[PDB]
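Novice: First the structure, which I've put down as structure tokens, then a few questions once you've had a look.
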Amino acid sequence: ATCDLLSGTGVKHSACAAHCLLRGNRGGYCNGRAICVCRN
């Protein structure tokens, strides 16, 4: 997934973690290339 706020909202990069949480994952973190890496 991405950590970008390309979609407008999600300016707070915590949005990546939330995007993962919305799939039932434990959450996620952002890589320095704006890639979002979900946990299991």
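Residue names in the structure tokens use chain letters A, B, ... in the order shown, residue numbers from 1 in each chain, and ligand numbers from 1 in the order shown.
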Applying 12 Å and only C-alpha atoms, which residues near residue A:2 remain after dropping the ones on its own chain fewer than 6 positions away? List them as a VMD selection string.
Specialist: chain A and resid 10 13 to 20 28 to 38
Novice: Can you pull out every residue from chain A that DSSP, working from the backbone, puts in helix (DSSP H, G or I), and format the result as a PyMOL selection string?
Specialist: chain A and resi 15-21
Novice: Would you output that residue set with N, CA and C atoms, as a PDB file, in the first residue's frame?
Specialist:
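Ended up saving to again.pdb:
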ATOM      1  N   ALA A  15      -2.276   7.512   8.409  1.00  0.00           N
ATOM      2  CA  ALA A  15      -3.284   6.984   7.519  1.00  0.00           C
ATOM      3  C   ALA A  15      -2.877   5.629   6.932  1.00  0.00           C
ATOM      4  N   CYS A  16      -1.583   5.415   6.742  1.00  0.00           N
ATOM      5  CA  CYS A  16      -1.094   4.131   6.240  1.00  0.00           C
ATOM      6  C   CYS A  16      -1.414   3.016   7.218  1.00  0.00           C
ATOM      7  N   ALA A  17      -1.152   3.292   8.480  1.00  0.00           N
ATOM      8  CA  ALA A  17      -1.399   2.324   9.539  1.00  0.00           C
ATOM      9  C   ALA A  17      -2.884   2.029   9.613  1.00  0.00           C
ATOM     10  N   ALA A  18      -3.672   3.078   9.483  1.00  0.00           N
ATOM     11  CA  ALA A  18      -5.123   2.956   9.516  1.00  0.00           C
ATOM     12  C   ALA A  18      -5.642   2.149   8.329  1.00  0.00           C
ATOM     13  N   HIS A  19      -5.036   2.334   7.169  1.00  0.00           N
ATOM     14  CA  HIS A  19      -5.434   1.616   5.979  1.00  0.00           C
ATOM     15  C   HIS A  19      -5.239   0.120   6.183  1.00  0.00           C
ATOM     16  N   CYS A  20      -4.188  -0.242   6.900  1.00  0.00           N
ATOM     17  CA  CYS A  20      -3.934  -1.642   7.216  1.00  0.00           C
ATOM     18  C   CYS A  20      -4.927  -2.147   8.267  1.00  0.00           C
ATOM     19  N   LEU A  21      -5.195  -1.329   9.279  1.00  0.00           N
ATOM     20  CA  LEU A  21      -6.151  -1.679  10.336  1.00  0.00           C
ATOM     21  C   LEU A  21      -7.540  -1.945   9.741  1.00  0.00           C
TER      22      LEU A  21
END
